[PDB]
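S.K.: Mind looking over this structure? Questions follow.
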Amino acid sequence: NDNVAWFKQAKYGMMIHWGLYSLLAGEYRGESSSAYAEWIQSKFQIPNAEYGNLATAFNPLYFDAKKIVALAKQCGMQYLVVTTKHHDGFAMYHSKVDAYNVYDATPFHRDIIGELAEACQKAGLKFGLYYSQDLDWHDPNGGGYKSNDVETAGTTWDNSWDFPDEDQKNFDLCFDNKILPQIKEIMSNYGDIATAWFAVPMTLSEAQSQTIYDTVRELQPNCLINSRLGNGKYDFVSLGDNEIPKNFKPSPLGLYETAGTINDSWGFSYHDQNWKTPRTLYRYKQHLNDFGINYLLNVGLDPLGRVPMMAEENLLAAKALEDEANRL
Amino acid sequence: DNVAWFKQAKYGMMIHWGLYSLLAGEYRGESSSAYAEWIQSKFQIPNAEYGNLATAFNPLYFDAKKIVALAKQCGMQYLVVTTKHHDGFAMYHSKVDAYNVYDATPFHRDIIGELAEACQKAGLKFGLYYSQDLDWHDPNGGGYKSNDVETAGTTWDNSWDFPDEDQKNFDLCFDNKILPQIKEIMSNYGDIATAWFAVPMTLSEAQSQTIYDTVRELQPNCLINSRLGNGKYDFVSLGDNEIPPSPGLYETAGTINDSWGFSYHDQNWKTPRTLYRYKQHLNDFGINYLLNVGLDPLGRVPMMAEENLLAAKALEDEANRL
Amino acid sequence: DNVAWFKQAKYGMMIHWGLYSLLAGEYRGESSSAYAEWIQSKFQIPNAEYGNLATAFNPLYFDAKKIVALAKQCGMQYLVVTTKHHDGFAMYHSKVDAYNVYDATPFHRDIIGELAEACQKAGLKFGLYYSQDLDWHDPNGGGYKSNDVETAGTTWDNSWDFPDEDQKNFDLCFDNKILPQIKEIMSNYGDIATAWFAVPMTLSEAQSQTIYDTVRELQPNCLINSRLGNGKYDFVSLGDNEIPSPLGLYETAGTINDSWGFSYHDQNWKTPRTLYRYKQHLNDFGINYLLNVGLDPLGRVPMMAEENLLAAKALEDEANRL
Amino acid sequence: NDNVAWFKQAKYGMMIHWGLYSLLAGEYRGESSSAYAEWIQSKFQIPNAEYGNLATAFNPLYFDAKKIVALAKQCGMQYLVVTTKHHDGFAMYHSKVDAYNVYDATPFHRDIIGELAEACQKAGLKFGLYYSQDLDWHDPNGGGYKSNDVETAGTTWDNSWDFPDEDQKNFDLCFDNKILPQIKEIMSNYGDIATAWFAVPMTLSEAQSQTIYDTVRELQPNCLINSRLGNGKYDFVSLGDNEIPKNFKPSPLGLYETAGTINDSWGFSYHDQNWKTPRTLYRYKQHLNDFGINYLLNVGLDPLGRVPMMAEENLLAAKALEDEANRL
Ligand SMILES: C[C@@H]1O[C@@H](Oc2ccc([N+](=O)[O-])cc2)[C@@H](O)[C@H](O)[C@@H]1O
Ligand SMILES: C[C@@H]1O[C@@H](Oc2ccc([N+](=O)[O-])cc2)[C@@H](O)[C@H](O)[C@@H]1O
Ligand SMILES: C[C@@H]1O[C@@H](Oc2ccc([N+](=O)[O-])cc2)[C@@H](O)[C@H](O)[C@@H]1O
Ligand SMILES: C[C@@H]1O[C@@H](Oc2ccc([N+](=O)[O-])cc2)[C@@H](O)[C@H](O)[C@@H]1O
């Protein structure tokens, strides 16, 4: 598995959060999301009927996988990691199992993950996938209904508004009929997958976690799995901000990654213009890299499928700083 | 009789909304000027590509009733909407031109009609803005004689899809689009209190008289702004730099940030106190404040615009009890 | 009677002001954390250099009367000032330590004395904040046992001028500076309604009891916040994360931007509506809102803080007539 | 005069606005200056007695000419131009003729212009001077009392509050007793002066302009004089924004300069965080340079004598962009 050597020297990856949440852009009926605009459905308890209707308005005329991959490559990013399905349960690929997806439900009627997979394959960039294996707000038995004594970036971890009957919920039904089928689809279509990125599990049993692990192993032997799946079921450690060294979980292969966003939201938010400066981005990358940690830097695409102007500017200027610094 | 009402109106909402709103001040990694609604001229976007934005126009949250409720809660007594801006895209159902919000967009609804009705019901007067000179969708759109002066885009006219300047002839555009479209908006959509025209550059004296007489005939009580032509108006539109003939009616238009059209990158919202003080200064001088909102791609008043309007009203009411 | 008064006070102004204010969130081309007042720890600025800021402290526009006028106009019934923060610089005339605003600065005036008088005259209650544990100017300042937890600076203690951790001894600092200074502020400056202590880390249970008894003796009617020590307080200081004590007295402290001390780079001012709604939510739960202002180097309430406080009050009054 | 050849290839200069205005930082009694914070005295008609008292609070502990010149040089700036005296009439050098200066009136009790002159001399950077030869709000006969049919960045062009009797004013008294003496001082002390930068004249006679021209010529033979002095009395043209070429006043030596600021104020302003991005700064510089026009980019020092953090970041990132570009 050359992927271990490659990942230890990759240093830099682009992450992409994009979905129906992007159309609301951090705002609902005159009121603000939390820092996390992608959590807006939970934040305002938007019924599935209304939220899902955003699919009818999803027509990102300027989306261009080739150009997004070109930007990542120009910044020295060696891989890319996209939301296949976030907490809202809306798939960004053509899902045989669930018609609640970007291909079937939207006038755009295209496979975002497929286009990025191809663009990456052509450019020489590795391709990785993010799936919300626990939380799913579209599913009556979506996870997080046992976790609501801890506050969130929305209201509840689960969809507790369309599905109020907590005691009647049963994650097994959602796992068996949606999660595992969808994981099999994304790990089967879309070619070689370098990296698999799972959410923080809360509802999943040890059994259900082992299943996902074995499934990925079988379908994508050379895929590196992040630590957020389950203990002993990963190839690299995802470090939270509170876990970076100054200037735990064992790492058997010596592989590490911290994910960040350029402003304070993962999803696009009109109101969030708090973009980290080129120098902040470059310095943070250099500090992680010096500690043998990969920087996975999020872009939140806008409703027309564009990298925000200020995100693009700050990525390119951080690269100019880095290249200047690395001569001498 | 609208003369008495207009002298005491004090406060109006203006609305800029169109295909420009979907691009939201940004095109291929670059910024519009302060005026996001000028973005097509700014980047010389071909009509084929720009017009295609119509296919993506589906503002799920647009709600005329709620927009008029906000205006009325702020003490605004009237509302003035873009029926067609410089891009030449009509925001009503135009018999004359299929390049409109009803025929060209999946939303497939008449924005002006809905606002007209909401206004009528709420007791708010209704006014219309039409670009009678500039039209970037029309081969003979105006501004092809005016390009020795800089703009909020590139050229005043569409000089990219229509490069042959000397072969242009505004009469064809005036006769076949401008005057027909003015007749439609002044015929459908009920009583019109206010008619708001752009800065004329190409229009002849004749063409200006025609528009004046047309509005007079179709909408006898409609007050016409000074930007049409000298001696062809009922009230003066003052620029900020002009606050000191009027046969005694006056209006200054402003926007809450620095753009008329919606712009993601422009978060330079004037504070409640700025909005209230400016209103009080204009009002004290017998001048109406026409305050622009630029609706977002889902048809929403931006959160910060709504907050600042409501807080300015709270300041004004507090002040007016002292 | 202070118990009854505090349960119905609802609203207080807090003030963070010191040498930190002159650096204003910036040191040698780099940013403080969100907490600009922690800047000395953040950059490990030696006492010799940091203390030299005293030579530049000349806030020509400081005006206790006007600051109290603003607080009173916003319905604030009390005021709470930093007498000495973590940097160990007293903002009153301290007999015990020459490292104070009177002796060390050209301004050569007693900030706490002026505010005490302005409050007394306006009918506003007066409260004092003292850092009883951390003191970065003192060789035996607290926090040298707490550095396995990260801070808004580097270390909790001054570990740069005073590196030898194992040789430090908080008793020397407590006996010779903390308790003397607490006695001064609780003796001069008249009746004290409220005593606001920092989160203790180094203090013994004994040292906490001493402060409690000292305040009780010198200022019998002073209400003491919960941050002193368990069973040694009259009201609970709640963090936001602690909203769903025997006298039923509660207070949550907040700042208008994200810093307690003034920071030129921090323009993230909470909107009037955010401020008003948060106040209303705390008040509905029987919790007092203590809202921080961070005075600028000339002793001014920042323009945007003043605007947002006044607009929040206008929203509140409008709402409370509905 | 090698200065003509040198100026045609200089491309890039730092400008500095700094004075009592800097302490008020765009704010007075709860209210905002215009975009131009340095005009704040006119904006609020602050009496000379109160405004001048700011001198007592002027103690910029962090001012460091050596470091400011280091920054300019790191950004490829080949010269530096400082306010010796702006419209407020407060000199930033030790003036024999007027005690209303940074040396005599302030506890800092040092010569800003002298320190920068020396730092520049040592670093190999040319040194230029800005003097307000017309407007002077401290002087009873300061200019602009004939010009108040045009609006300003303050209230009136002249100090019309301390000196209300417009018809009794006489600029000759101010010119003879302050302007020309002060110009002689700055052109005599402070070594070789590469560039002389005058304000837009409104009150000055043709005679008074000729005098300044001849004075500079005699005292500083190789000093290049900007066009804002008087027609036929200049070596290079100062172009206003509205005069830059696309996709007048003749220039006999073919010398051109446009001055700009990084935010929207020349003087420091707390409230103005509208910093032009690295890419804006670099692109504008490249466009001017391609047209043989020098870019004179203003920094407005803060009350402690610091280059604002975001101004320093944007200058350095613009340089990184420029160097990256110039290797492509
Ligand atoms: C990448 C993000 O992950 C989760 O929330 C977290 C969980 C862990 C961290 N972390 O510590 O880096 C940050 C956000 C999601 O809830 C969020 O919407 C986004 O997808
Ligand atoms: C209401 C605005 O008017 C026009 O442009 C202007 C705006 C103001 C003036 N004025 O008053 O100077 C002149 C042209 C339009 O170009 C702009 O997009 C918007 O429609
Ligand atoms: C009022 C603030 O108090 C402390 O910081 C804290 C410490 C603990 C909490 N808390 O846990 O509620 C809040 C602020 C100080 O560090 C800070 O400078 C400011 O004075
Ligand atoms: C460098 C600047 O010069 C003047 O302001 C200007 C500058 C340029 C023009 N111009 O070209 O129109 C008008 C006023 C001064 O008023 C300002 O404070 C600063 O010193």
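Convention: chains lettered A, B, ... in structure tokens order; per-chain residue numbering from 1; ligands numbered from 1 as shown.
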Dump as a list in words the residues of chain D that approach chain A to within 10 Å, counting only C-alpha atoms.
M.R.: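 Filtering chain D at 10 Å from chain A with only C-alpha atoms gives residues 277, 278, 279, 280, 310, 313, 314, 316, 317, 318, 319, 320, 321, 322, 323, 324 and 325 of chain D.
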S.K.: Can you write just those residues out, N, CA and C atoms, as a PDB file, in the first residue's frame?
M.R.:
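Here's the written file out_10.pdb:
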```
ATOM      1  N   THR D 277      -6.954  43.986  -0.808  1.00  0.00           N
ATOM      2  CA  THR D 277      -6.314  42.652  -0.748  1.00  0.00           C
ATOM      3  C   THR D 277      -4.953  42.712  -1.429  1.00  0.00           C
ATOM      4  N   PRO D 278      -4.049  41.776  -1.057  1.00  0.00           N
ATOM      5  CA  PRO D 278      -2.775  41.606  -1.747  1.00  0.00           C
ATOM      6  C   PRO D 278      -2.903  41.666  -3.278  1.00  0.00           C
ATOM      7  N   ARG D 279      -3.889  40.959  -3.826  1.00  0.00           N
ATOM      8  CA  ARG D 279      -4.058  40.835  -5.296  1.00  0.00           C
ATOM      9  C   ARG D 279      -4.431  42.192  -5.903  1.00  0.00           C
ATOM     10  N   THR D 280      -5.347  42.935  -5.278  1.00  0.00           N
ATOM     11  CA  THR D 280      -5.702  44.321  -5.690  1.00  0.00           C
ATOM     12  C   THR D 280      -4.435  45.183  -5.730  1.00  0.00           C
ATOM     13  N   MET D 310      -2.640  44.649   9.602  1.00  0.00           N
ATOM     14  CA  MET D 310      -3.253  44.226   8.314  1.00  0.00           C
ATOM     15  C   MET D 310      -2.597  44.958   7.131  1.00  0.00           C
ATOM     16  N   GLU D 313       0.726  42.962   6.655  1.00  0.00           N
ATOM     17  CA  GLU D 313       0.369  41.638   6.056  1.00  0.00           C
ATOM     18  C   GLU D 313       0.082  41.798   4.559  1.00  0.00           C
ATOM     19  N   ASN D 314      -0.728  42.790   4.190  1.00  0.00           N
ATOM     20  CA  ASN D 314      -1.184  42.946   2.789  1.00  0.00           C
ATOM     21  C   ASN D 314      -0.007  43.382   1.910  1.00  0.00           C
ATOM     22  N   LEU D 316       3.227  42.647   2.391  1.00  0.00           N
ATOM     23  CA  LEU D 316       4.155  41.491   2.286  1.00  0.00           C
ATOM     24  C   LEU D 316       3.555  40.429   1.350  1.00  0.00           C
ATOM     25  N   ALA D 317       2.248  40.183   1.417  1.00  0.00           N
ATOM     26  CA  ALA D 317       1.564  39.183   0.570  1.00  0.00           C
ATOM     27  C   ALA D 317       1.502  39.666  -0.891  1.00  0.00           C
ATOM     28  N   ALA D 318       1.314  40.967  -1.108  1.00  0.00           N
ATOM     29  CA  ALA D 318       1.359  41.589  -2.453  1.00  0.00           C
ATOM     30  C   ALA D 318       2.750  41.378  -3.054  1.00  0.00           C
ATOM     31  N   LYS D 319       3.794  41.475  -2.234  1.00  0.00           N
ATOM     32  CA  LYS D 319       5.193  41.285  -2.683  1.00  0.00           C
ATOM     33  C   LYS D 319       5.400  39.830  -3.081  1.00  0.00           C
ATOM     34  N   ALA D 320       4.840  38.899  -2.311  1.00  0.00           N
ATOM     35  CA  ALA D 320       4.972  37.452  -2.581  1.00  0.00           C
ATOM     36  C   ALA D 320       4.283  37.139  -3.911  1.00  0.00           C
ATOM     37  N   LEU D 321       3.077  37.687  -4.126  1.00  0.00           N
ATOM     38  CA  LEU D 321       2.340  37.554  -5.418  1.00  0.00           C
ATOM     39  C   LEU D 321       3.216  38.081  -6.552  1.00  0.00           C
ATOM     40  N   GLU D 322       3.784  39.272  -6.380  1.00  0.00           N
ATOM     41  CA  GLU D 322       4.566  39.977  -7.435  1.00  0.00           C
ATOM     42  C   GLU D 322       5.783  39.137  -7.848  1.00  0.00           C
ATOM     43  N   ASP D 323       6.509  38.601  -6.870  1.00  0.00           N
ATOM     44  CA  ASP D 323       7.747  37.798  -7.085  1.00  0.00           C
ATOM     45  C   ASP D 323       7.404  36.478  -7.762  1.00  0.00           C
ATOM     46  N   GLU D 324       6.364  35.794  -7.280  1.00  0.00           N
ATOM     47  CA  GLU D 324       5.807  34.558  -7.895  1.00  0.00           C
ATOM     48  C   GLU D 324       5.517  34.863  -9.371  1.00  0.00           C
ATOM     49  N   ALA D 325       4.701  35.892  -9.633  1.00  0.00           N
ATOM     50  CA  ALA D 325       4.322  36.320 -10.995  1.00  0.00           C
ATOM     51  C   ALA D 325       5.576  36.559 -11.848  1.00  0.00           C
TER      52      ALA D 325
END
```
S.K.: Show me, as a ChimeraX atom specification, the residues that have an atom within 9 Å of residue C:303 when counting only C-alpha atoms, minus same-chain residues fewer than 6 positions from it.
M.R.: /D:27-32,271
S.K.: Write a file of the selected residues as a PDB file, in the first residue's frame, keeping C-alpha atoms.
M.R.:
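That gives us selection11.pdb:
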```pdb
ATOM      1  CA  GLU D  27     -13.481  59.009  15.898  1.00  0.00           C
ATOM      2  CA  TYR D  28     -14.541  62.173  17.848  1.00  0.00           C
ATOM      3  CA  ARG D  29     -17.137  62.231  20.710  1.00  0.00           C
ATOM      4  CA  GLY D  30     -18.965  59.052  19.574  1.00  0.00           C
ATOM      5  CA  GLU D  31     -19.001  60.033  15.856  1.00  0.00           C
ATOM      6  CA  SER D  32     -17.124  59.038  12.687  1.00  0.00           C
ATOM      7  CA  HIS D 271     -13.170  51.923  12.245  1.00  0.00           C
TER       8      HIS D 271
END
```
S.K.: If we count only C-alpha atoms, what is near stretch 156-160 of chain B at a cut-off of 12 Å, once residues fewer than 6 positions away on the same chain are taken out, given as a ChimeraX atom specification?
M.R.: /B:38-48,86-88,133-150,166-170,199-202
S.K.: Restrict the distance test to only C-alpha atoms, flag each residue of chain D within 10 Å of chain B, and return the flagged residues as a list in words.
M.R.: residues 151, 242 and 274 of chain D
S.K.: Mind listing the residues within 8 Å of ligand 4, only C-alpha atoms and all ligand atoms counted, as a list in words?
M.R.: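 Listed by chain and ascending number, the contacts are residues 17, 36, 37, 38, 39, 83, 86, 87, 153, 199, 200, 239, 240, 241, 242, 259, 260, 266 and 267 of chain D.
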S.K.: Restricting it to C-alpha atoms, dump the selection as a compact mmCIF listing (two decimals), in the first residue's frame.
M.R.:
```
# COMPACT_ATOMS: atom_id res chain seq x y z
CA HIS D 17 0.54 60.14 7.00
CA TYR D 36 -10.23 60.82 5.46
CA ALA D 37 -9.49 60.53 9.22
CA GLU D 38 -6.56 63.09 8.87
CA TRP D 39 -9.29 65.75 8.06
CA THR D 83 4.02 64.26 5.99
CA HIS D 86 -0.41 68.29 6.89
CA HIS D 87 -3.51 70.62 6.82
CA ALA D 153 -13.51 65.63 3.60
CA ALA D 199 -0.89 69.88 -1.77
CA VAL D 200 -3.55 71.07 -4.26
CA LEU D 239 -2.05 61.49 -11.58
CA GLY D 240 -5.43 61.36 -9.77
CA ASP D 241 -7.33 57.99 -9.87
CA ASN D 242 -9.60 59.44 -12.64
CA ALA D 259 -0.56 57.96 -4.80
CA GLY D 260 -3.00 55.55 -3.09
CA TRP D 266 -4.61 58.36 4.56
CA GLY D 267 -4.47 58.88 8.33
```
S.K.: From the set C:112, C:301, C:3, C:48, which residue has the shortest atom-to-atom contact distance to chain D, counting only C-alpha atoms?
M.R.: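 The closest residue to chain D is C:301.
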S.K.: May I ask which of the residues B:37, B:1, B:242, B:164 is the closest one to ligand 2, counting only C-alpha atoms and all ligand atoms?
M.R.: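 The answer is B:37, which sits nearest to ligand 2.
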S.K.: Select the residues contacting ligand 3 at a distance of at most 6 Å, based on only C-alpha atoms and all ligand atoms, then format the selection as a ChimeraX atom specification.
M.R.: /C:37,239,260
S.K.: Go through A:133, A:298, A:147, A:273 one by one, measure the shortest atom-to-atom distance of each to chain C using only C-alpha atoms, and give the residue with the smallest value.
M.R.: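 Using only C-alpha atoms, chain C sits closest to A:273.
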S.K.: To test your reading of the structure, identify every residue in stretch 86-289 of chain A that backbone DSSP assigns to strand (DSSP E or B), and report it as a PyMOL selection string.
M.R.: chain A and resi 91+101+126-131+195-198+224-226+236-238+256-261
S.K.: Contacts between chain C and chain D, please, where a residue of chain D counts if it comes within 12 Å (with only C-alpha atoms); show its shortest atom pair and distance in Å to one decimal, rows by chain and ascending number, as CSV.
M.R.:
```
residue,atom,partner,partner_atom,distance
D:22,CA,C:298,CA,11.7
D:23,CA,C:298,CA,8.0
D:24,CA,C:298,CA,7.9
D:25,CA,C:264,CA,10.0
D:26,CA,C:303,CA,10.0
D:27,CA,C:303,CA,7.2
D:28,CA,C:303,CA,8.5
D:29,CA,C:303,CA,8.0
D:30,CA,C:303,CA,4.6
D:31,CA,C:303,CA,6.2
D:32,CA,C:303,CA,7.6
D:33,CA,C:303,CA,11.1
D:50,CA,C:60,CA,9.8
D:51,CA,C:60,CA,10.6
D:52,CA,C:60,CA,11.7
D:53,CA,C:60,CA,8.4
D:54,CA,C:60,CA,7.6
D:55,CA,C:60,CA,10.5
D:56,CA,C:58,CA,8.0
D:57,CA,C:58,CA,5.4
D:58,CA,C:56,CA,7.8
D:59,CA,C:56,CA,5.4
D:60,CA,C:56,CA,7.4
D:61,CA,C:56,CA,7.2
D:62,CA,C:28,CA,8.5
D:63,CA,C:28,CA,10.8
D:64,CA,C:28,CA,11.0
D:67,CA,C:28,CA,10.4
D:68,CA,C:29,CA,11.6
D:71,CA,C:29,CA,11.2
D:106,CA,C:56,CA,11.1
D:107,CA,C:56,CA,8.9
D:108,CA,C:56,CA,9.2
D:268,CA,C:264,CA,11.0
D:269,CA,C:264,CA,9.2
D:270,CA,C:264,CA,5.5
D:271,CA,C:267,CA,7.7
D:272,CA,C:267,CA,9.7
D:273,CA,C:265,CA,7.8
D:274,CA,C:267,CA,11.5
D:275,CA,C:265,CA,11.7
D:302,CA,C:23,CA,10.2
D:303,CA,C:22,CA,8.6
D:304,CA,C:23,CA,7.9
D:305,CA,C:28,CA,11.0
D:306,CA,C:28,CA,8.0
D:307,CA,C:29,CA,7.8
D:308,CA,C:29,CA,7.2
D:309,CA,C:29,CA,4.7
D:310,CA,C:29,CA,8.2
D:311,CA,C:29,CA,9.4
D:312,CA,C:29,CA,7.2
D:313,CA,C:29,CA,8.1
D:314,CA,C:29,CA,11.6
D:316,CA,C:29,CA,11.6
```
S.K.: Produce a file of the selected residues containing C-alpha atoms, as a CSV table (one decimal), in the first residue's frame.
M.R.:
```
chain,number,residue,atom,x,y,z
D,22,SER,CA,-3.7,59.7,14.3
D,23,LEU,CA,-4.5,59.8,18.1
D,24,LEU,CA,-8.2,60.5,17.4
D,25,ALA,CA,-8.1,57.5,14.9
D,26,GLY,CA,-11.2,58.4,12.8
D,27,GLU,CA,-13.5,59.0,15.9
D,28,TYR,CA,-14.5,62.2,17.8
D,29,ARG,CA,-17.1,62.2,20.7
D,30,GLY,CA,-19.0,59.1,19.6
D,31,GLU,CA,-19.0,60.0,15.9
D,32,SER,CA,-17.1,59.0,12.7
D,33,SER,CA,-14.7,61.1,10.6
D,50,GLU,CA,-8.4,71.4,22.2
D,51,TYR,CA,-6.9,69.8,19.1
D,52,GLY,CA,-3.3,71.1,19.9
D,53,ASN,CA,-3.6,69.5,23.4
D,54,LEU,CA,-3.4,66.1,21.6
D,55,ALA,CA,0.4,67.0,21.4
D,56,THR,CA,0.5,66.4,25.3
D,57,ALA,CA,-0.7,62.7,24.7
D,58,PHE,CA,1.6,62.0,21.6
D,59,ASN,CA,4.1,59.3,23.0
D,60,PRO,CA,4.5,56.6,20.3
D,61,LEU,CA,6.6,54.2,22.3
D,62,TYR,CA,6.8,51.7,19.3
D,63,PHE,CA,7.8,54.2,16.6
D,64,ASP,CA,11.0,52.7,14.9
D,67,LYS,CA,11.9,48.9,11.0
D,68,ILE,CA,9.5,51.0,8.9
D,71,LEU,CA,9.4,46.9,5.6
D,106,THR,CA,5.1,66.4,22.7
D,107,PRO,CA,6.6,64.3,25.5
D,108,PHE,CA,8.0,62.1,22.7
D,268,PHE,CA,-5.0,55.9,10.7
D,269,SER,CA,-8.7,55.1,11.5
D,270,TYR,CA,-9.7,52.3,14.0
D,271,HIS,CA,-13.2,51.9,12.2
D,272,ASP,CA,-11.7,51.6,8.7
D,273,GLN,CA,-10.8,47.8,8.2
D,274,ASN,CA,-11.5,48.1,4.4
D,275,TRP,CA,-7.9,47.0,3.5
D,302,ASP,CA,-1.1,54.2,14.6
D,303,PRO,CA,-0.9,56.2,17.9
D,304,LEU,CA,2.1,54.0,19.1
D,305,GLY,CA,3.9,54.7,15.7
D,306,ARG,CA,3.1,51.2,14.3
D,307,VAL,CA,2.3,50.1,10.7
D,308,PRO,CA,-1.1,48.5,11.3
D,309,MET,CA,-0.9,44.6,11.3
D,310,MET,CA,-3.3,44.2,8.3
D,311,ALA,CA,-1.4,46.9,6.2
D,312,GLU,CA,1.9,45.1,6.9
D,313,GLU,CA,0.4,41.6,6.1
D,314,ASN,CA,-1.2,42.9,2.8
D,316,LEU,CA,4.2,41.5,2.3
```
S.K.: Residues within 7 Å of ligand 2, counting only C-alpha atoms and all ligand atoms: report them as number ranges by chain.
M.R.: B: 35, 37-38, 85, 198-199, 238-239, 253, 260
S.K.: Residues of chain B within 8 Å of chain C, counting only C-alpha atoms, what are they? List them as a ChimeraX atom specification.
M.R.: /B:272-273,307,311,314-315,317-318
S.K.: If you measure from atom CA of residue B:14 to atom CA of residue B:269, what distance in Å do you get, rounded to one decimal?
M.R.: 15.9 Å
